[PDB]
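Here, each number is a calculation from the coordinates, and none is a lab measurement. Cβ sites come from the backbone with ideal geometry, for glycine too, and all protein chains shown count toward neighbours.
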Amino acid sequence: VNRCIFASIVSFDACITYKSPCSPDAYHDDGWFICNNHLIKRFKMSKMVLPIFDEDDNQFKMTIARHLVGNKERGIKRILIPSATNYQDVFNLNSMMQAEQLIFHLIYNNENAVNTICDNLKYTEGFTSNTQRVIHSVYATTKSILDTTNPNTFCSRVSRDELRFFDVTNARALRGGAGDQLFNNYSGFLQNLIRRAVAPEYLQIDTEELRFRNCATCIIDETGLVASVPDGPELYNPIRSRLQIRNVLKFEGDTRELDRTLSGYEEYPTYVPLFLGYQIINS
Amino acid sequence: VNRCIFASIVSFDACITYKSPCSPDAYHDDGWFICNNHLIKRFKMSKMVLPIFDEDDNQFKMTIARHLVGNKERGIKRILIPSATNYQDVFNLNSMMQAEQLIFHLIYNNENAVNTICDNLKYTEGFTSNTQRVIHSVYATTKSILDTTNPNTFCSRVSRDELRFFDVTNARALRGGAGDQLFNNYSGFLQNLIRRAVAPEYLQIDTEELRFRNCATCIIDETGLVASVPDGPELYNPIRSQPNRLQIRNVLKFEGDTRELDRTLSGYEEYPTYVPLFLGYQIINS
Amino acid sequence: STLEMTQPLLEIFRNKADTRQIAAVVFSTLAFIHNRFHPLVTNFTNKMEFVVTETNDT
Amino acid sequence: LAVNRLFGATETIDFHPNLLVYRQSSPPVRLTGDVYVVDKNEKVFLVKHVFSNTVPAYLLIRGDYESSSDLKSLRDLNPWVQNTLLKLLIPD
Amino acid sequence: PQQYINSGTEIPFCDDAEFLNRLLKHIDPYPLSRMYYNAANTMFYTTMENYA
Ligand SMILES: [Zn+2]
Ligand SMILES: [Zn+2]
């Protein structure tokens, strides 16, 4: 059994085959439905796991993603996610295959274009072929994924009080706030996706309220989410894999054998986390 | 050697599945520069020969086409070949492969081709990569082919006389018709396609005439070729005509019975039920 | 299993009104046997046919 | 029977599916009058008939039995016969 | 003959590997080795029951 939405992706013709397929995790159950391959490919992110002490080494764990954006690029190039307000502006959908553009119109509820292209395809030979039933199978899949209640299961729980606020804790980080109001207006599938991705800064428990990083990684953004440090210069995001300058005015660095001397010491990884706001959980 | 325009066509993609159907037409030699596969795919037509009759063995038979438009088709559906003003709407460009679209643009000879695509590709990884090389190479080959088709100038392939005519008398005789204007607007390539495809209902031999159909098969519009006739309804379109299966025939009492109704009828010649494209007029002189 | 088992196997023969399903099954069996003798999925003289004898005295 | 009610029988056979011969029949079959697809899948159909020009009834059939296009809808029929079918189909 | 066969080129097959493996597992327990000798004996009996 396999679940990645990008493995559910199909191509209308043998050429333009949807090759370079999903990461094998597509056989897993994760509730991302994106394979990590596609998550890298489309949005410059890679998912990750917080190990939580279950009051113990006992299993408590939470999902995370690092972003893969660089330190120099700005605006749209920093954008992580769009709104329907701008999803076409970000994707340049025409470059994309027709089923991809279709599925984006699904996510952003562009029923107009959806039905337009559906009606155009009806009489095409390849849509008298069961491409219709394929696309509506994808539809049904999403329908199940939101049959789990899009508001009630996702957040409007009867344990309603166990809420995530993604608003910035800092009272001076005032560009946040109504970003949480936007969150309600993003489609619930995406709300759930965020609820996966984003580590809280804090959690209230009946045990205690507790604090996990000093300061927030980014902020909520007014179209879709962006590499959005609350203040100051963008933090150096390194990159792990044309007639331009690439000067790096390095220190001379003659202290050879450094690694053979020090390697036992903790080799601090750098990839940016996703602390944001306050979760609440009963007991 | 290959001579189909479409054998040129290849594009950057993950795909290793290019579906090029290009028929024997490519290595045949009749200057269509397009395989029947595409005559089908885009243009819903079939290549034919008129067995031009001669008492001499030199029958000097002639190229022809016939269209495949279904009788149920309406308007744009019956439009065979749009004008530059209409093609972009007629065809699902973006669904069609990028380079194919671009090629269509160039066939229409629009600057907008380079205005748009040549810029638009800039961002693409393939534009960044050597594949730019292959792309523009195939482009240049296409340009060369177009220049070979170019009639416009004496420093060019085509020269001297012309004697075909079109815009033949309407029954209700509405004045004139810009069909030569459209003809000239169309690339001489398209004009050669018309020459390949379109029979005249009359041929005037130098000092003699012969006529071959009561009435024209096709009509022309400023927007494009129309698969229609001035009058009545459209003629009946000749309709387009291994695993285990549960349905296994029952025994019958081992009889052939009345062969006649199929036998003698098959002995009788069965009509070539097709829609040959007659539209226009031809003359000859010493 | 592909062959539209509307019925359990035995029911088929407990019926005698049919010949269709029976001959189909038989032919499929012969195909499988020949295939195991011959790693070459194939078809034969493309006419063959069958009869169910129905009397002890036949 | 369309309407009338049986009398005078003293014993009954219970329905069983095997009774419904799927006549292989000739490839072409042509039929007329009201037609109601019982099951496209099983090639089952119901058709109007009268005996002696006066005895309205419906006839079950199963097989090729191809007919005019004018497929009629179960909706239209009488509750009487509809109940009757509902049981007799025994989709249970 | 009681039937025709279309008798043209036909072969059936199926490929639902997971399905087939599911079948295999369901089948696993049976000591068929034992269980089928009696079947062969059935055919034997029938060989003489064939005639009285
Ligand atoms: Zn995927
Ligand atoms: Zn070609």
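Things worth noting here:
- Of all residues making up the stretch B:210-257, the number that are surrounded by fewer than 12 Cβ atoms within 10 Å (Cβ to Cβ) and either basic (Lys, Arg) or more than 14 Å from chain D (Cβ to nearest Cβ) (or both): 19
For every residue, the table says whether it meets (1) touching a helix residue (DSSP H, G or I) at 6+ places or on another chain (Cβ under 6 Å); (2) away from chain B (no Cβ under 14 Å).
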position	(1), (2)
E:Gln3	yes, no
E:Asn6	no, no
E:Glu10	no, no
E:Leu23	no, yes
E:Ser33	no, yes
E:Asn38	no, yes
E:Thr42	no, yes
E:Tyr45	no, yes
E:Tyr51	no, yes
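- From the list A:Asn71, A:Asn86, A:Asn92, A:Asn37, the one residue that fits, being over 20 Å from A:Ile135 (Cβ atoms), within 16 Å of ligand 1 (Cβ to nearest atom) and out of contact with any strand residue (DSSP E or B) (no Cβ under 6 Å at 6 or more places or on another chain), is A:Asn37.
- Only one of the listed residues (B:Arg240, B:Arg245) is among the basic types (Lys, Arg) and either within 23 Å of B:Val168 (Cα to Cα) or within 24 Å of the chain's Cα centre (by Cα) (or both). That residue is B:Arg240.
Residues are listed down the side, and each one gets a yes or a no for (1) surrounded by 10 or more Cβ atoms within 10 Å (Cβ to Cβ); (2) within 14 Å of the chain's Cα centre (by Cα); (3) not basic (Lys, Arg):
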residue	(1), (2), (3)
D:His16	no, no, yes
D:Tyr22	yes, yes, yes
D:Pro28	no, no, yes
D:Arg62	yes, yes, no
D:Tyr65	yes, yes, yes
D:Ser69	no, no, yes
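- Hits in the stretch B:95-128 - residues which are among the small types (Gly, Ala, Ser) and assigned to a loop (DSSP other than H, G, I, E, B): B:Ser95
- Among the candidates B:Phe91, B:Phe53, B:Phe60, the residue that is closer than 30 Å to B:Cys15 by Cβ and among the aromatic types (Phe, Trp, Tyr) is uniquely B:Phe91.
- A residue that is within 14 Å of chain B (Cβ to nearest Cβ) and either away from ligand 2 (no atom under 16 Å from the Cβ) or of a type outside the set (A, V, I, L, M, F, W, C) (or both) can be found somewhere in the stretch A:39-59.
- A count restricted to the stretch A:85-102 and to residues that are within 11 Å of another protein chain (Cβ to nearest Cβ) and under 20 Å from B:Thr116 (Cα atoms) stands at 6.
- Residues of the stretch A:1-44 that are part of a loop (DSSP other than H, G, I, E, B), in contact with a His (Cβ under 9 Å, 6 or more places away or on another chain) and hydrophobic (A, V, I, L, M, F, W, C): A:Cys4, A:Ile9, A:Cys22.
For (1) farther than 21 Å from B:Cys218 by Cα; (2) hydroxyl-bearing (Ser, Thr, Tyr); (3) under 17 Å from the mean Cα position of the chain (by Cα); (4) within 16 Å of ligand 1 (Cβ to nearest atom), each residue gets a yes or a no:
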{"residue": "B:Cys4", "(1), (2), (3), (4)": "yes, no, yes, no"}
{"residue": "B:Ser20", "(1), (2), (3), (4)": "yes, yes, no, no"}
{"residue": "B:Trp32", "(1), (2), (3), (4)": "no, no, yes, no"}
{"residue": "B:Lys47", "(1), (2), (3), (4)": "no, no, yes, no"}
{"residue": "B:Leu50", "(1), (2), (3), (4)": "no, no, yes, no"}
{"residue": "B:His67", "(1), (2), (3), (4)": "no, no, yes, no"}
{"residue": "B:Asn109", "(1), (2), (3), (4)": "yes, no, no, no"}
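- The lone exception for A:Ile79 - which of (1) of a type in the set (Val, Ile, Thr); (2) away from ligand 1 (no atom under 16 Å from the Cβ); (3) within 14 Å of chain B (Cβ to nearest Cβ) it fails: (3)
- The residue list A:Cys4, A:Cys35, A:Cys22, A:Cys15 contains one member that is within 16 Å of ligand 2 (Cβ to nearest atom) and either within 14 Å of another protein chain (Cβ to nearest Cβ) or under 26 Å from A:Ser241 (Cα atoms) (or both), which is A:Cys15.
- Residue check, A:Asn115 closer than 25 Å to A:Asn185 by Cβ and either touching a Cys at 6+ places or on another chain (Cβ under 6 Å) or of a type outside the set (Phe, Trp, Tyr) (or both): yes
- Flag if B:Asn92 is away from ligand 2 (no atom under 11 Å from the Cβ) and not in a helix (DSSP H, G or I): yes
- Every listed requirement among (1) more than 14 Å from chain B (Cβ to nearest Cβ); (2) within 29 Å of C:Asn15 (Cα to Cα) is met by D:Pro27 save one, (1).
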